[PDB]
Amino acid sequence: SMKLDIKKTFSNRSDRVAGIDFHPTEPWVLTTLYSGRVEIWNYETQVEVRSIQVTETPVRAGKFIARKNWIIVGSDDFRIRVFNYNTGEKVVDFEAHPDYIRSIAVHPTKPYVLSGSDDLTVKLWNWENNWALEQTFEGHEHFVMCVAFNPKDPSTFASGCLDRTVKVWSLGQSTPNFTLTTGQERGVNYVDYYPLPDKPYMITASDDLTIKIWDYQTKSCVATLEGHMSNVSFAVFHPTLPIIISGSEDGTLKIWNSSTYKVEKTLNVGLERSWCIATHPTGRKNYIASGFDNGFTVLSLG
């Protein structure tokens, strides 16, 4: 067991941060900004590794593809771009959807990337097939806000949608395995998987102020977490600690106990609205990072 002991590792002021991600083996965080800029920071030495003026439009989605030394970003010009973060070379640059890109997910073992879009679809791209579009998942009836592979079975993934559903799909299958009606009448902003095999759980966040935990075997709602006072931008399970982290346009991060679902901490990090979240994939120092209107902060949770 490990006690909560929150330490501010690194904080950096900037334009609004829309996407944020951890590098799995370097002490780096990637941020994608509403200004069209993206930055990689070493949060342990507090040194900027690289910055790129990618576009003039907001860059909403960004992920490391560490095993190719890439970052992949999606922006409101409808385009996916890939950059080598060691050289700055632009690897590819294509219009992926005819509308905004909301979310990007990277398959852990196969050369697949998912993009969720306001065009009501999720699309699957294969970078070992010249970034071919291998599948478009159709069936949602509003903007697809968030996509996430099941870490315990990456042949499936979940899409959260403003049509108030989460759909779980299988690669190569045109119809979803199942559709969760969330009861979150304002729609689903975010979806995330519980990482460990002891619970088949998922978590959703909504503008209706609720965070809901779902059992994807029983398709039932396990718990509803209330406490935020404005739109909940995200909610995720921590990969190694028994906690949930959420962030809201009310300016706060909340840390919840993942067994009792009681709020343990409410943090005003002082950067106004909270928009995005990342956790270190292997729990290194239990790092988390969140992007806000006015920058991002990296915290060690214990």
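Note that PDB author numbering gives residue 153 to position 154 of the sequence shown, counting from 1, and the numbers run on in steps of one. A virtual CB, placed ideally from N, CA and C, is assigned to each residue, including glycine.
Item to check | Alpha-carbon to alpha-carbon, residue 103 and residue 312 | outcome: Residue 312 lies beyond the range of the chain shown here (0 to 301); nothing can be said about it.
Checklist entry - Out of curiosity, what's the CA-to-CA distance linking residue 79 and residue 92? => result As a first step, residue 79 is located in the sequence shown; it is residue number 80 there, counting from the start. As a first step, residue 92 is located in the sequence shown; it is residue number 93 there, counting from the start. Residue 79 and residue 92: Cα-Cα distance of roughly 6 angstroms.
Checklist entry - By how many angstroms is the C-alpha of residue 292 removed from the C-alpha of residue 31? => result Here the question's residue 31 lines up with position 32 in the sequence shown. Here the question's residue 292 lines up with position 293 in the sequence shown. Looking at the two C-alpha atoms, the distance is approximately 12 angstroms.
Item to check | Three-way DSSP call (helix, strand, coil) for residue 149 in this model | outcome: Within the sequence shown, residue 149 is the residue found at index 150, counting from 1. Residue 149: coil per DSSP, three-state reduction.
Checklist entry - How far does the beta strand (DSSP E) with residue 136 in it reach, from first residue to last? => result Here residue 136 is taken as the residue at index 137 of the sequence shown, counted from 1. It spans 131-136 - the beta strand (DSSP E) in which residue 136 sits, taken as one unbroken run.
Next on the checklist: What does the alpha-carbon distance come out to for the pair residue 248 and residue 274?
Outcome noted: Reading the sequence shown from its first residue, position 249 is the one you call residue 248. Reading the sequence shown from its first residue, position 275 is the one you call residue 274. Using only the alpha carbons, I get a separation of about 7 angstroms.
Checklist entry - Any chance the region 184-199 sits against the region 124-132, with 3 or more Cβ pairs inside 8 angstroms? => result no
Item to check | Exposure of residue 12, with buried meaning 16 or more beta-carbon neighbours within 10 Å | outcome: On the sequence shown, residue 12 is found 13 positions in, with the first residue counted as 1. Exposed.
Item to check | Terminal residues of the beta strand (DSSP E) in which residue 180 lies | outcome: Against the sequence shown, residue 180 aligns to sequence position 181. 177-180 is the extent of the beta strand (DSSP E) around residue 180.
Item to check | Complete runs of the alpha helix (DSSP H) confined to the region 76-146 [at least 4 residues] | outcome: none
Next on the checklist: Quick check: what's the CA-CA separation for residue 86 versus residue 76?
Outcome noted: If you number the sequence shown from 1, residue 86 lands on position 87. If you number the sequence shown from 1, residue 76 lands on position 77. When rounded, the distance between both Cα atoms is 24 angstroms.
Checklist entry - Which value, in whole angstroms, describes the spacing of the CA atoms of residue 90 and residue 70? => result Taking the sequence shown and counting its residues from 1, the one referred to as residue 90 is at position 91. Taking the sequence shown and counting its residues from 1, the one referred to as residue 70 is at position 71. About 10 angstroms.
Item to check | Cβ shell of residue 95 (< 8 angstroms), same chain only, five flanking positions each side left out | outcome: Locating residue 95 in the sequence shown gives position 96, counting from the first residue. Answer for residue 95: 73, 77, 78, 79, 114, 116, 122, 124, listed in chain order.
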